[PDB]
Amino acid sequence: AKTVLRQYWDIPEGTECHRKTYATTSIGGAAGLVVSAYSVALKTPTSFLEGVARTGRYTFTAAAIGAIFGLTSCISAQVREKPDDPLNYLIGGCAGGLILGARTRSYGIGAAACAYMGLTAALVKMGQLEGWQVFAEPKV
Amino acid sequence: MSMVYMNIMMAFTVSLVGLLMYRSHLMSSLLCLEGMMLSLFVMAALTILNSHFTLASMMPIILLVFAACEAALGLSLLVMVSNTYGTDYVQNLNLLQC
Amino acid sequence: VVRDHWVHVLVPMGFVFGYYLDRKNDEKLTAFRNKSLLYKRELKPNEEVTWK
Amino acid sequence: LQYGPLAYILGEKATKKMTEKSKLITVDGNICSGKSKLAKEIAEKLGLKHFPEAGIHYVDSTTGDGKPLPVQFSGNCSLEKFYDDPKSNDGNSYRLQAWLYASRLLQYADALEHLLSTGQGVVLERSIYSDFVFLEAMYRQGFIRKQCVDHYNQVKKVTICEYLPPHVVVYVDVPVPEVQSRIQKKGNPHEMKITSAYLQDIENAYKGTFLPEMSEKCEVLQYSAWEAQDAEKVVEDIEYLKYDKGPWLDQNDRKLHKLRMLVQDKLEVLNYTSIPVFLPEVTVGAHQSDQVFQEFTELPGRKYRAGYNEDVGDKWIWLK
Amino acid sequence: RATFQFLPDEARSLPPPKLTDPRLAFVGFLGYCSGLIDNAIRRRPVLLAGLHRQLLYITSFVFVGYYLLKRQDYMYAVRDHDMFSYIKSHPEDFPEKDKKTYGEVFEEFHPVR
Amino acid sequence: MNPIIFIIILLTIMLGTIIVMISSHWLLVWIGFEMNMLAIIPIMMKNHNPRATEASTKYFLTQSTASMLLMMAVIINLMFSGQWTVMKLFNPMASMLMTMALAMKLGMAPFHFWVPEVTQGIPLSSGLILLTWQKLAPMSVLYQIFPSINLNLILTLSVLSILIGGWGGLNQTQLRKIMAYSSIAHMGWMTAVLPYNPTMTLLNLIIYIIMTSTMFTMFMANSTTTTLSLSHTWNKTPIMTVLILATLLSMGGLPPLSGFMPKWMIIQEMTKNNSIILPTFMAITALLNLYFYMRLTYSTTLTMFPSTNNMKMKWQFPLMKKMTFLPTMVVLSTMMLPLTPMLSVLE
Amino acid sequence: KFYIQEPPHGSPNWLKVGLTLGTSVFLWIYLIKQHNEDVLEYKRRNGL
Amino acid sequence: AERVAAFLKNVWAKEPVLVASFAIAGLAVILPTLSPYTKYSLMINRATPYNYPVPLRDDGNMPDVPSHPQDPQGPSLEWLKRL
Amino acid sequence: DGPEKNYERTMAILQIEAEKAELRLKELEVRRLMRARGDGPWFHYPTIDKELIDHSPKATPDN
Ligand SMILES: CCCCCCCCCCCCCCCCCC(=O)OC[C@H](COP(=O)(O)OCCN)OC(=O)CCCCCCCCCCCCCCCCC
Ligand SMILES: CCCCCCCCCCCCCCCCCC(=O)OC[C@H](COP(=O)(O)OCCN)OC(=O)CCCCCCCCCCCCCCCCC
Ligand SMILES: CCCCCCCCCCCCCCCCCC(=O)OC[C@H](COP(=O)(O)OCCN)OC(=O)CCCCCCCCCCCCCCCCC
Ligand SMILES: CCCCCCCCCCCCO[C@@H]1O[C@H](CO)[C@@H](O[C@H]2O[C@H](CO)[C@@H](O)[C@H](O)[C@H]2O)[C@H](O)[C@H]1O
Ligand SMILES: CCCCCCCCCCCCO[C@@H]1O[C@H](CO)[C@@H](O[C@H]2O[C@H](CO)[C@@H](O)[C@H](O)[C@H]2O)[C@H](O)[C@H]1O
Ligand SMILES: CCCCCCCCCCCCO[C@@H]1O[C@H](CO)[C@@H](O[C@H]2O[C@H](CO)[C@@H](O)[C@H](O)[C@H]2O)[C@H](O)[C@H]1O
Ligand SMILES: Nc1nc2c(ncn2[C@@H]2O[C@H](COP(=O)(O)OP(=O)(O)OP(=O)(O)O)[C@@H](O)[C@H]2O)c(=O)[nH]1
Ligand SMILES: N=C(N)NC(=N)NCCc1ccc(I)c(Cl)c1
Ligand SMILES: [Mg+2]
């Protein structure tokens with residue numbers, strides 16, 4: 001994850017959007033596979049095929065959320081000509097939440113996901129700008 | 001490292017995967033636990049013998065002593081599982097889901 | 001002191017005790033008694049401390 | 001030293017106090033079958049402790065000053081009311097049966113505690129092992145619902161498994177028509193309302209279930225009405241029993257110590273008699289229970305732990 | 001400082017907690033509360049029953065609490081001693097600054113209009 | 001079990017834990033864990049029923065697996081350093097294995113599945129040991145190896161433990177499973193602060209053990225193991241409902257009660273290291289713990305649930321259970337906040 | 001009232017009552033003596 | 001003594017094998033402390049030279065160390081030859 | 001209370017709170033330096049004790 005994460009943050013906002021969508025889609029697909037592995041291991045599928053169906057359904061859903069986010073947030077930065085604005089991640093975050101509602105067929109999950117994915121993504125850009133630490137290194 | 005360590009570390013990993021991927025018999029998995037102890041004994045014994053760490057030569061012996069206590073404990077529980085259900089199948093041990 | 005009215009001294013005594021403890025706190029905060037620029041003066045012939 | 005693991009280690013072991021005369025005898029039979037008199041004579045001749053049948057107010061007789069409490073502190077369950085209106089709408093029939101089972105459970109623990117701690121045997125009149133005949137009779141007459149029966153069985157399963165059956169089960173076999181005559185001569189107005197079908201159900205359960213069950217694990221002496229009159233001949237029968245069967249032969253000091261730790265802790269004995277299963281017959285609303293519980297604490301010598309009640313003459317409380 | 005020692009010998013150069021320490025009084029009050037809870041759970045007269053038992057609750061709480069406070073005070077003395085000794089050993093890391101008055105320091109004014 | 005045998009087995013449980021805590025040699029640490037595992041299994045099986053057999057079997061398999069991983073870490077450490085001293089490990093792969101092994105023994109998420117099931121399957125007295133005394137040995141080892149622990153791994157385990165512990169407790173009606181999921185959540189706070197200030201790990205551990213012991217002792221006093229059986233307590237020992245309420249509020253971390261002290265100090269040490277997001281996330285997630293603690297207080301003390309007629313027979317007998325140390329434990333569980341600076345005794 | 005069974009705690013356990021008061025007195029005397037030692041030692045080390 | 005003596009004659013009649021076992025184990029535990037030759041066991045074990053005896057640098061003031069192995073100074077095994 | 005007592009009591013309070021505040025800042029900067037450089041009493045993680053080494057002549061010379 002460390003290398004796939006660096007790729008995303010190492011290519012500037014609005015420059016090489018296609019490359020950005022590769023990285024976020026790659027992150028989303030990895031997350032979907034992890035969810036599938038635990039799901040398949042803890043709730044055994046009725047058959048081998050059904051396990052593959054569940055995996056491909058989670059991994060695609062997760063990759064779609066990652067793809068729409070990384071693209072939309074890059075397009076917003078390019079069009080708005082503001083590569084440092086958290087608002088772009090909010091729009092990208094909400095769009096991903098909307099796609100999650102789409103793949104789930106449920107406007108309510110779509111609405112809630114748009115709000116919390118949008119806010120969470122916006123918080124991520126702010127922390128990147130300001131240097132917020134999630135797993136802060138011990139210093140004192 | 002030297003090539004022997006490749007196969008001993010491989011053996012430990014194979015037994016570890018064997019332990020973590022249950023089938024039906026509880027005794028099959030208890031065997032994988034004894035295998036894990038065997039690979040640790042060999043890997044510990046090689047390192048200690050190669051380095052001429054004289055006092056550490058007793059350490060592998062102590063490892064086997066507590067390997068047997070673990071094995072005896074595992075078999076004692078297998079007896080009680082067998083008595084309750086008539087087989088040592090692990091799928092019978094699911095009462096504590098609720 | 002009666003068997004029927006001794007409970008009516010608990011709160012008055014708590015006030016007296018609390019009043020007393022507050023004054024003892026003021027005795028640990030005398031580092032600037034008669035030392036501030038605004039109120040520093042001389043002691044009257046008979047006086048001991050400006051405020052106790 | 002109150003009994004515990006420390007007393008066990010220092011030597012207080014059951015096999016020291018238990019002799020060939022340390023037996024648990026239960027006397028059973030139908031209503032007005034002469035159990036009480038036969039039980040009292042057997043106890044006196046064999047030199048055992050006699051336990052009069054456990055009734056509604058048995059528990060009062062063992063705590064406090066040993067006198068019956070007002071009926072609100074037994075749930076208001078009434079045996080007289082059961083005869084007058086066996087199909088009462090306030091669930092008296094089962095509530096009484098559930099209260100009586102718990103009283104028997106407590107008496108059995110007291111009997112076992114006496115037997116294990118002193119070695120002197122005991123004589124009971126019915127027990128937890130034979131209490132179900134009344135429940136079966138109640139259900140076949142329609143006095144209680146199938147759910148009451150289910151609740152009774154749930155409580156029995158998790159309670160009767162902890163104890164040992166009696167060494168000797170004495171049964172007095174009085175046929176129903178004779179019993180009806182005996183109940184009729186006795187005189188109390190309410191018991192005269194018992195129907196023969198009810199008494200036949202008690203008899204059918206006694207012979208269809210209790211005795212076949214007890215036989216595999218206890219010595220059973222089945223007497224007729226005439227044989228039972230002379231308690232001396234019954235005592236002679238008990239004195240030459242072989243005692244070759246049942247779970248008592250497998251008991252050791254280790255097991256009887258675990259049993260003693262249970263029967264001496266009455267709250268542990270009664271633990272499952274109040275399982276949270278909400279049958280209307282036995283469920284008490286929070287407002288009623290709160291009121292009754294307050295009144296119970298206002299009785300003489302019940303506010304505090306026994307020995308700390310100054311209202312009834314306890315002294316040295318500030319050092320106790 | 002000393003390995004696996006509750007009160008190293010160097011701690012005796014510090015004053016002991018006074019027996020009228022407010023923290024020790026609170027600890028004693030906790031012992032009193034423990035005594036009352038002991039009576040309550042056993043349905044004994046809460047205030048009156050078993051005064052000897054209540055006394056031992058207070059005394060044992062105070063006894064342990066006195067040594068905890070003695071060790072608590074010692075460990076904070078050690079923290080201060082370590083910190084000041086380190087400041088002496090590395091002056092360049094803790095320079096004494098030149099202090100300027102507010103007449104000299106420029107602070108921006110933000111009107112509340 | 002013979003009373004003397006029971007005492008000897010309990011002393012072997014303690015000796016195994018003490019061996020881990022006084023050992024300077026990895027082999028003796030591993031021996032201590034093995035000895036401890038050996039003596040606790042008979043305590044789990046002491047009641048001999050199919051659920052206790054399943055509980056002990058699941059415990060043995062998990063603990064014995066973790067011991068293999070622990071011994072593997074020690075041997076890797078020996079190969080790359082040529083010594084056995086209990087301290088930082090000299091190989092990052094040895095540090096991962098030892099950290100995962102200790103997380104397994106602690107039942108931290110995602111290695112947590114055994115804790116709810118094993119606790120449910122054994123008596124209350126055995127569950128008390130499992131959720132308190134058994135945390136001491138793995139924690140004492142982490143306290144010594146933390147300089148070489150991977151920061152991302154330990155904080156990932158801590159976060160997952162707080163979430164899963166909080167979420168898992170929401171769906172429980174059995175008291176033992178409620179305590180098990182509570183324990184998983186509290187383990188997360190202990191190891192979250194470990195990389196920053198191990199002293200705060202010990203304070204959290206000590207305060208958690210006191211509160212957990214207090215709750216298990218009160219459950220034992222009434223022989224209650226479900227929510228509903230605990231709801232009859234108001235109609236038997238009213239004082240006990242108040243003590244349960246105070247402890248449950250304390251365990252939720254509400255001021256001015258003791259259980260707020262560890263959360264307070266852990267937030268302080270984390271913010272000093274510019275860790276703001278994590279302590280905020282942990283504190284908000286801990287509100288799940290408070291939610292299902294509060295549910296218990298509702299059904300136990302703050303309302304009066306329906307009772308049964310046979311309960312009246314219980315009014316006539318006094319509590320006979322030992323309830324050892326309960327008066328002291330409940331006071332310490334609730335009234336320690338004014339003495340918080342006493343945490344320096346743990347330095 | 002007058003109990004049908006003699007209460008376990010009907011009368012004081014004087015062996016216990018004596019031990020409890022004796023321990024309290026001993027601990028208090030030990031604590032006071034210890035405190036005086038510390039005050040005397042503290043002044044000596046500090047030249048007071 | 002009678003109770004123990006009566007207990008001894010009983011176990012001889014019933015469990016002579018266990019009587020011999022405890023008697024034999026007892027002598028194992030006791031006799032090594034009472035034996036006068038136990039001290040030589042350590043002396044012999046100490047006198048067996050598995051290692052080379054590395055010489056000391058003659059600093060000019062160790063009069064009790066032999067210069068040559070056949071010199072008088074140093075430990076001797078005359079006690080061992082007469083054993 | 002007269003204004004002078006309250007006024008000068010406040011200065012006593014301000015002095016203690018100012019002294020404590022400075023020490024708190026010093027402690028955070030001392031902790032930061034001790035942890036980064038390992039040169040102080042705090043964050044002193046143990047190394048192997050050298051009194052455990054045996055310096056006697058061995059069975060072979062080259063060691
Ligand atoms: C100067 C002291 C000021 C008080 C400070 C209180 C601080 C909190 C201390 C908590 C510990 C309280 C003591 C433990 C409870 C024991 C009392 C009890 O359980 O029942 C009341 C009992 C009277 O009932 P009874 O059982 O019949 O006994 C007869 C004795 N005459 O006993 C009595 O007769 C009265 C005993 C006192 C009642 C205590 C009631 C509990 C209060 C808890 C509220 C939380 C405390 C307030 C929060 C701020 C803390 C400063
Ligand atoms: C952190 C800051 C705050 C400080 C926290 C400090 C916590 C630790 C301090 C100790 C806390 C426990 C204090 C217990 C006091 C009550 C003891 C008591 O009253 O016992 C009375 C009696 C037994 O007394 P007895 O053992 O015979 O005295 C002779 C001892 N050789 O028999 C009885 O009836 C007592 C029954 C109630 C006891 C509950 C069960 C515990 C058993 C205790 C046994 C005796 C304890 C002696 C305490 C001495 C400690 C110095
Ligand atoms: C000191 C500084 C630190 C500050 C932290 C806070 C300090 C307080 C810590 C509290 C620790 C628990 C000790 C509280 C003692 C409670 C005393 C009490 O409950 O009264 C006794 C009474 C028992 O009833 P009973 O024995 O049957 O007597 C006949 C009356 N029915 O009880 C009852 O009858 C009650 C039965 C009905 C249930 C009512 C429940 C609502 C009242 C709860 C009040 C206590 C809440 C404590 C929580 C902390 C409050 C801040
Ligand atoms: C910058 C990179 C951004 C990466 C974004 C990552 C987003 C997180 C994705 C996690 C994996 C998806 O998570 C999973 O989605 C599927 C949607 O099909 C949901 O699945 C649910 O919805 C649909 C239909 O109802 C079906 O999949 C399934 O029948 C149902 O269980 C799961 O409840 C959810 O657990
Ligand atoms: C439901 C809510 C759940 C909790 C939500 C919490 C929100 C937390 C927001 C993320 C915090 C900041 O997240 C992280 O910040 C650091 C900066 O310190 C960035 O770090 C980055 O900085 C440089 C440039 O700045 C990059 O070249 C490099 O790839 C990376 O190190 C990360 O790219 C960012 O992901
Ligand atoms: C030569 C001196 C050393 C002699 C040491 C002999 C030690 C022998 C240990 C006992 C071995 C015999 O094994 C068994 O022991 C039990 C007692 O435990 C004996 O049985 C004995 O029990 C108790 C005493 O304990 C007596 O009241 C009983 O009369 C007696 O028979 C049996 O006769 C024997 O079957
Ligand atoms: N519902 C119910 N009534 C019971 C139970 N045990 C006793 N009784 C009643 O209590 C009364 C006394 O029972 P008996 O002892 O058998 O009658 P008796 O007049 O005393 O004749 P003896 O057998 O000699 O003692 C009868 O009315 C019984 O119906 C019971 O378990 N359930
Ligand atoms: N933060 C750490 N991990 N170490 C640590 N406690 N540093 C702070 C130093 C300290 C604090 C209190 C005392 I009392 C003492 Cl003597 C020393
Ligand atoms: Mg009768």
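Residues numbered from 1 in each chain as written, not as in the entry; some residues may be left out. Chains lettered and ligands numbered in written order. Part of a larger assembly, values for the part shown. Heavy atoms only, no water.

The PDB entry annotates chain I as NADH dehydrogenase [ubiquinone] 1 beta subcomplex subunit 5, mitochondrial originating from Bos taurus.

Going by the annotation in the PDB entry, the name recorded for chain B is NADH-ubiquinone oxidoreductase chain 4L, with Bos taurus given as the source organism. Recorded in UniProt under Catalytic activity, the annotation for chain B is "a ubiquinone + NADH + 5 H(+)(in) = a ubiquinol + NAD(+) + 4 H(+)(out)". Per UniProt, chain B has the following entry under Subunit: "Core subunit of respiratory chain NADH dehydrogenase (Complex I) which is composed of 45 different subunits." (UniProt positions renumbered as here; feature names shortened; annotations may be inferred.)

Would you take a moment to explain the overall build of chain B for this structure?
On a plain count of helices and strands, chain B comes out with 3 helices and 0 strands. Written out in order from the N terminus, the α and β elements of chain B read α-α-α. The C-alpha atoms of chain B give a radius of gyration of 17 Å, which is well past the 13 Å a tight globule of 98 residues would have. Based on the C-alpha atoms only, the size of chain B along its principal axes is roughly 50 × 25 × 20 Å. (Helix = DSSP H or I, 4+ residues; strand = E, 2+ residues; numbered from the N terminus. Rg over C-alpha atoms; globule rule 2.2 N^0.38 Å.)

Can you help me understand the pairing of strand 1 (residues 24–29) of chain D in this one?
Residues and elements named next belong to chain D. Of all 6 residues in strand 1, 6 are buried, a share of seventy percent or more. The side-chain alternation of strand 1 yields two buried faces, one formed by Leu 24, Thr 26 and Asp 28 and the other by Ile 25, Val 27 and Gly 29. Sheet topology places strand 1 next to strand 3 (residues 122–125); 4 bridges connect them, and they run parallel. Note on strand 3: the bridge partner recorded for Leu 24 is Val 122. (Buried < 20%, exposed > 50% of the residue type's maximum accessible area, 1.4 Å probe, protein only. Pairing = 2+ DSSP bridges.)

Would you mind going over the UniProt feature "transmembrane region" in chain B with me for this structure?
Residues and elements named next belong to chain B. Per the UniProt annotation, the sites labelled "transmembrane region" are residues 1–21, 29–49 and 61–81. Between the end C-alpha atoms of residues 29–49 there is a gap of 30 Å, over a span that is 100% helix and 0% strand. Span residues 61–81 is 100% helix and 0% strand, its end C-alpha atoms 31 Å apart.

What exactly am I supposed to notice about the interface of chain E and chain I here?
Where interface size is given, it is often the accessible area lost as the parts come together that is meant. Residue-level contacts link 9 residues of chain E with 12 residues of chain I. Interface of chain E and chain I: buried area, both sides summed, is about 980 Å²; carbon and sulfur atoms make up 70% of it. Summed over the shared surface of chain E and chain I, the result is 2 salt bridges. One salt bridge connects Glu 27 of chain I with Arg 79 of chain E, and the closest N-O pair in it is separated by 3.9 Å. On inspection of chain E and its partner chain I, the count reaches 5 residue pairs in polar contact. Classifying every residue of the side of chain E that touches chain I by side-chain character gives 5 nonpolar, 1 polar and 3 charged. (Contact = heavy atoms within 4.5 Å. Buried area = accessible area lost by both parts, 1.4 Å probe. Salt bridge = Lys/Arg side-chain N within 4 Å of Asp/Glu carboxyl O. Polar contact = N/O pair within 3.5 Å; in protein donor to acceptor, adjacent residues only side chain to side chain. Nonpolar A, V, L, I, M, F, W, Y, C, P; charged D, E, K, R; others polar.)

How do you make sense of the interface of chain F and chain D when you look at a structure like this?
The partner chain D presents 45 residues to the 32 residues of chain F that form the contact. Interface area, chain F with chain D, both sides summed: about 3,500 Å², of which 67% is carbon and sulfur. A salt bridge links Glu 268 of chain D to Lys 321 of chain F; its shortest N-O distance comes to 3.3 Å. Seen at the junction of chain F and chain D, the total is 11 residue pairs in polar contact. Those elements that place two or more of their residues in the side of chain F that touches chain D are helix 1 (3–22), helix 11 (227–230) and strand 1 (307–308) of chain F. Among the elements that make up the side of chain F that touches chain D, the one with the highest residue count is helix 1 of chain F (3 residues).

Is there a simple way to think about the pattern of salt bridges in this case?
When their charged atoms lie close together, side chains carrying opposite charge are able to pair. Residues and elements named next belong to chain D. The full count for this structure, using the stated rule, is 48 salt bridges over all chains. The residue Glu 12 makes a salt bridge to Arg 260 at a minimum N-O spacing of 3.5 Å. Remark: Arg 260 occurs in helix 12 (residues 253–263) and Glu 12 occurs in the loop between helix 1 (5–10) and helix 2 (14–17); sequence separation between them is 248 residues. Exposure remark for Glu 12: the relative accessible area of 30% places this residue in the partly exposed category.

Would you take a moment to explain the site of ligand 2 for this structure?
Around ligand 2, the structure places 18 residues, and the nearest of them are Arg 53 and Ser 60 of chain E, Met 336 of chain F together with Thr 20 and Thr 23 of chain G. More than one chain lines the surroundings of ligand 2; the residues nearby belong to chains E, F and G. Residue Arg 53 of chain E places a side-chain N or O atom 3.2 Å away from an oxygen atom belonging to ligand 2. For ligand 2, the protein covers 69% of the area, taking 1,100 Å² as the surface of the free molecule. Breaking the shell around ligand 2 down by element, the ones donating at least two residues are helix 1 (22–41) and helix 2 (51–89) of chain E together with helix 1 (14–45) of chain G. With 7 residues, the top contributor of residues to the shell around ligand 2 is helix 2 of chain E. Class assignment for the residues of the shell around ligand 2 results in 11 nonpolar, 4 polar and 3 charged. (Near = heavy atom within 4 Å. Areas by Shrake-Rupley, 256 points an atom, 1.4 Å probe, with all protein chains shown as cover.)

Explanation requested: the site of ligand 6 in the structure shown.
Residue and element names in this part refer to chain H. Around ligand 6, the neighbouring residues are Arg 3, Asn 10, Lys 14, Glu 15, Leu 18 and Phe 22. In this structure, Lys 14 approaches ligand 6 through a side-chain N or O atom, which is 2.7 Å from an oxygen atom. Protein contacts shield 45% of the accessible area of ligand 6, which totals 770 Å² for the unbound molecule. Listing elements by their share of the shell around ligand 6, those giving two or more residues are helix 1 (2–14) and helix 2 (16–34). When residues in the shell around ligand 6 are grouped by element, the largest group, 3 residues, is from helix 1. Looking at the shell around ligand 6, its residues break down into 2 nonpolar, 1 polar and 3 charged.

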